[PDB]
Every structure is written in structure tokens, then in C-alpha cells.
Amino acid sequence: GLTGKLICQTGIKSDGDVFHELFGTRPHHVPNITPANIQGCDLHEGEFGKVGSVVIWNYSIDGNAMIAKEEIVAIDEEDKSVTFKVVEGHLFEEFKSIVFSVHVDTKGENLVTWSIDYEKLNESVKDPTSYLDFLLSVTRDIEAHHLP
């Protein structure tokens, strides 16, 4: 009853490998490129670019500042994907679990796919569609930054 998945896909005209490695090896640069959405990214544990690292995101939706501590649970070079599991923060006021994944397909003529997998604390919790608007805004800012 409490489980859902939200996905958004959009094209980018910028380099897809650079987009993938931004999230997979340089996630601390993301605040600098989309500062209206993401104000901070601090290493909590481990090292940037390694599975099992833990980062703290300081970010904002609708003017409201929030915090998500996330474990990087997967970095797949072959699939150009990175998977972030929330382990603490504002989201845990609504969800038992919530995992964000970003995948880039460069095989066609580039697609960014964000997935949100989650389990609500109860049925009155809203599905987190606002986070797709947020991830699309982040993606548009990154594309614009990486374009000549």
C-alpha cells in the first residue's frame, strides 16, 4: 500500500558522460552549478566517487531549506547510473525509505532518467512528485552549465 515509483526522463544536449561523472565522482560540484536548488554537499563518510560514501545535501524546494543524508549505494560505469539512498533528513518525516537514481543513455542520438523509489510512512503521505520538478530543474541547470 505504501510503495511507489516516480520516473522522469528528459533529453540533454550536453555531454552525457560528463553528466554521469558529475554525479558519480564530483557530486560536491553540483551545488556550484545549481545553487538555487542545491546549496551544499558535504562528505560525511568515505570518499567522493566510491560506493558507500555518505554525503549531506543541503537543498531547497519552494523556498524551504531541507537536508538529506545519502549513501551512494551504486555507481555503474557501464549503465552510467548512480544510486543515492536516503538515510536521514527531512524526507524521513514522510517516508520509511526513499532512493534516488540517475541514469544516462548516450546510445541513441542523450537521455537523463531519474527514478524515485519510496515507501510512505502511511497512506496520507503525498507521492513525492515535487521532487521530479526539482530533479528536472537540477538537470536543466547542469545541461546549461555543460553547454558551450
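**Q** Summarise the sheet that holds strand 2 (residues 38–45); cite the residues concerned and give the values.
**A** Read across the sheet, seven strands follow the order 1-7-6-5-4-3-2 without closing on themselves; strand pairing throughout is antiparallel. Both outer strands of the open sheet, strand 1 (3–11) and strand 2, are each paired with one neighbouring strand and no more. Each neighbouring strand pair of the sheet contributes to a mean axis angle of 25°, computed without reference to strand direction. Sheet topology places strand 5 (residues 81–89) next to strand 6 (residues 95–105); five bridges connect them, and they run antiparallel. Note on strand 6: the bridge partner recorded for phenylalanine 84 is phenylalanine 100. Most of the contacts of helix 3 (residues 130–146) go to strand 1, to which it runs at about 25°, and overall it touches strand 1, strand 2, strand 3 (54–61), strand 4 (64–76), strand 6 and strand 7 (111–120).

**Q** Could you give me a rundown of the packing of aromatic side chains, with the residues and numbers involved?
**A** Aromatic rings in a pair are described by how distant their centres are and how their planes are angled relative to each other. Under the definition given, this model contains nine aromatic pairs. Aromatic pair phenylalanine 100 and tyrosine 131: ring centres 5.9 Å apart, planes at 45°, arrangement tilted. By relative accessible area, which is 5% here, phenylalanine 100 ends up buried. Judged by its relative accessible area of 7%, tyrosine 131 is buried. Cluster of aromatic residues (ring-pair linked, three or more members): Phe19, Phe23, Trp57, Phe84 and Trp114.

About the thresholds
Residues numbered from 1 in each chain as written, not as in the entry; some residues may be left out. Heavy atoms only, no water. Pairing = 2+ DSSP bridges. Helix = DSSP H or I, 4+ residues; strand = E, 2+ residues; numbered from the N terminus. Axes fitted to C-alpha atoms, helices over the stretch in contact; angles between N-to-C directions. Contact = heavy atoms within 4.5 Å. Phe/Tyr/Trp six-rings, centres within 6.5 Å; stacked < 30°, edge-to-face > 60°. Buried < 20%, exposed > 50% of the residue type's maximum accessible area, 1.4 Å probe, protein only.

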